[PDB]
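Read top to bottom, the protein sequences are chains B, Y and W.
Heads up: the first sequence begins at 7 in UniProt numbering, then just goes up one per residue.
Heads up: the second sequence begins at 64 in UniProt numbering, then just goes up one per residue.
Heads up: the third sequence begins at 64 in UniProt numbering, then just goes up one per residue.
The beta carbon of each residue, even a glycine, is placed where N, CA and C say it ideally should be.
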Amino acid sequence: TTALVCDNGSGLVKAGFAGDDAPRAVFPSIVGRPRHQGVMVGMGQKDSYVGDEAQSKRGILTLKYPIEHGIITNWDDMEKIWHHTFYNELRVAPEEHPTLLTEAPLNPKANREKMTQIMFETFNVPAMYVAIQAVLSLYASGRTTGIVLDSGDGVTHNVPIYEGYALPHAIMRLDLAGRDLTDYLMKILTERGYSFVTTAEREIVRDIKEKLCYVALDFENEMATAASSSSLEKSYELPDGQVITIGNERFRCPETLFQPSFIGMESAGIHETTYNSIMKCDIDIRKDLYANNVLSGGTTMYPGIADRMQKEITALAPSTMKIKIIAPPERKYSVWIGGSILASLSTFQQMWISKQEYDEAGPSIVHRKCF
Amino acid sequence: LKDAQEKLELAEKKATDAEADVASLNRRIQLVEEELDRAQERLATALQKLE
Amino acid sequence: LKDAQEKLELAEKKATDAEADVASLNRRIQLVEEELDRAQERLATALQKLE
Ligand SMILES: Nc1ncnc2c1ncn2[C@@H]1O[C@H](COP(=O)(O)OP(=O)(O)O)[C@@H](O)[C@H]1O
Ligand SMILES: [Mg+2]
């Protein structure tokens, strides 16, 4: 039979059968209970709208993501999300399909063990396998080397790989991602008068960020230009009218990636954690990693980031090496495409964690040889 | 509606066409850049040999 | 639909912008092909000088 390549993610759940080009169903991972009282009788009001249904009734719900930073903080809601994904968005019972979840690097063990225990006890799948979210993004590019920066919505991690041999001592995981950029944008919009507070209006700020923000090639020049002319002010229409005008908030929101001091984080930007991740590698594979830097994940879709990052790394790196940044147009679904490719391989067909194996060793089987 | 229908269909076809064009052209630009870089490495080899 | 009308118009505009980048990528492809041919020739002459 065919395998189910699910990809929990944090912000958008992407799923679909193995062997295709794009995920079959992509929908936000939010579960929102209603918060008001409700007076109409017999309206058929449910107790929790999940997935894309709660992005249409969000006016009277309190949306809450079940995955904070890679890790899962609310297991009941995550179980609900998985149940919805299997039964309503794909309509395939899990009793007859292997599953291939994905997990960020350096995550707590208990999260992974609970994930496998749920998949084997509640949904009762035949066999499931958990894979690191960066190796798949490297599969999708058709490479076999390279250092991949997978800046998702929950957590940004940077896994270097050479000739198929991952370097476990050079993984640099940073917890700044799209959600923190949404919060920072929502916080700097208040400087013009627009106040978004409700958990429903966070979605509106996210839409503003997606449609308007861009990464500046040079920050100081853009700050000077936006403060003199008015060629940058782009307007946007809220879900009820009252258009708003975003000035130099456009390139200040995604600039937080390269200067995490804006949101008070100590660490260095995504332009310098990649160079540090490279320098921890051996001295003889640094040229190949320099030449095959891969971008993935949703948050790396800002217009103009593949040039800013290349300029920064070229500034840091030695002058002789060639710096090349691979930015495929299908960046958002790169991890899932790689997952489909991996699940479609014949050599991989015996790596699944078969159910009888789980019955013999318990949920701690995932840390064992079947990784 | 019918007017909207035709508008929607035509815009969708145009969008898909542009996407396919730009994707294939991206593949082409990748290939030509590979040509350039690999040729450059040949250049370096030749330079070392001659010197 | 009016909003679907605006969406289809915006998507067709996006298609046209992708076509403008299609033109720019075509220019990149052509110039890099010139580079490839020039590199073939220069590498040939360098190897000959090596001989
Ligand atoms: N076109 C875009 N431009 C800018 N940011 C985007 C775009 N699309 C998605 N994002 C950001 O990326 C996030 C989705 O990232 P995604 O790759 O789905 O995360 P995950 O790894 O959990 O799947 C969204 O929250 C949004 O903030
Ligand atoms: Mg991801």
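Beta-carbon gap between residue i and residue j smaller than 8 Å
i: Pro-40/B; j: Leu-69/B; result: no
i: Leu-10/B; j: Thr-105/B; result: yes
i: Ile-276/B; j: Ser-157/B; result: yes
i: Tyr-135/B; j: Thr-151/B; result: no
i: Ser-340/B; j: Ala-116/B; result: no
i: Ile-214/B; j: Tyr-190/B; result: no
i: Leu-238/B; j: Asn-254/B; result: yes
i: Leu-351/B; j: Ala-137/B; result: no
i: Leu-71/W; j: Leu-64/Y; result: no
i: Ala-74/W; j: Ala-74/Y; result: yes
i: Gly-48/B; j: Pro-34/B; result: no
i: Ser-302/B; j: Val-165/B; result: no
i: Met-84/B; j: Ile-73/B; result: yes
i: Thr-108/B; j: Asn-227/B; result: no
i: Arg-258/B; j: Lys-240/B; result: no
i: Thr-279/B; j: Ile-319/B; result: no
i: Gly-38/B; j: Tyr-55/B; result: yes
i: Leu-113/W; j: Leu-99/Y; result: no
i: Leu-142/B; j: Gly-345/B; result: yes
i: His-89/B; j: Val-131/B; result: no
i: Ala-86/W; j: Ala-81/Y; result: no
i: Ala-60/B; j: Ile-36/B; result: yes
i: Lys-328/B; j: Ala-297/B; result: yes
i: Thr-205/B; j: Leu-180/B; result: no
i: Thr-262/B; j: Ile-252/B; result: no
Presumed contact (8 Å Cβ cut-off) between residue i and residue j, rounded CB distance
i: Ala-176/B; j: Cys-287/B; result: 5 Å
i: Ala-102/Y; j: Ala-102/W; result: 3 Å
i: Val-300/B; j: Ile-332/B; result: 5 Å
i: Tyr-308/B; j: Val-221/B; result: 5 Å
i: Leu-88/W; j: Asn-89/Y; result: 7 Å
i: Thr-188/B; j: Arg-208/B; result: 6 Å
i: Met-178/B; j: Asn-282/B; result: 6 Å
i: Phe-126/B; j: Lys-375/B; result: At roughly 17 Å, the Cβ-Cβ gap does not stay under 8 Å, so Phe-126/B and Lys-375/B are not in contact.
i: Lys-338/B; j: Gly-304/B; result: 5 Å
i: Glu-119/B; j: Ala-31/B; result: So it is not a contact: roughly 27 Å between Cβ atoms.
i: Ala-133/B; j: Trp-358/B; result: 4 Å
i: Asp-159/B; j: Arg-185/B; result: 6 Å
i: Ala-172/B; j: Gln-139/B; result: So it is not a contact: roughly 13 Å between Cβ atoms.
i: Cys-219/B; j: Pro-260/B; result: 5 Å
Where residue i sits in the DSSP three-state scheme
i: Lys-240/B; result: strand
i: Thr-279/B; result: helix
i: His-163/B; result: strand
i: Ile-177/B; result: coil
i: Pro-369/B; result: helix
i: residue 115/W; result: Given a span of 64 to 114 for chain W in the structure shown, any question on residue 115/W remains unanswerable.
i: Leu-64/Y; result: coil
i: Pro-260/B; result: helix
i: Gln-265/B; result: coil
i: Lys-20/B; result: strand
i: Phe-33/B; result: strand
i: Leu-187/B; result: helix
i: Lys-52/B; result: coil
i: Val-11/B; result: coil
i: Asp-84/W; result: helix
i: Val-221/B; result: coil
i: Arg-149/B; result: coil
i: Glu-109/B; result: strand
i: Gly-344/B; result: helix
i: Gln-139/B; result: helix
i: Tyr-171/B; result: strand
i: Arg-198/B; result: coil
i: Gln-248/B; result: strand
i: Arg-41/B; result: coil
Contact set between the region 332 to 343 of chain B and chain Y, restricted to residues whose Cβ is under 9 Å from the partner: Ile-332, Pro-334, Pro-335, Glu-336
The region 71 to 87 of chain Y: positions lying closer than 9 Å to chain B by Cβ: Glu-82, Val-85, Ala-86
Which residues, in chain order, does the region 90 to 109 of chain W contribute to contact with chain Y at a C-beta distance below 8 Å? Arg-91, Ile-92, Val-95, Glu-96, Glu-98, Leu-99, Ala-102, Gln-103, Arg-105, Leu-106, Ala-109
Which full runs of the alpha helix (DSSP H) of 4+ residues lie inside the region 279 to 353 of chain B, going along the chain? 292 to 297, 311 to 322, 340 to 349
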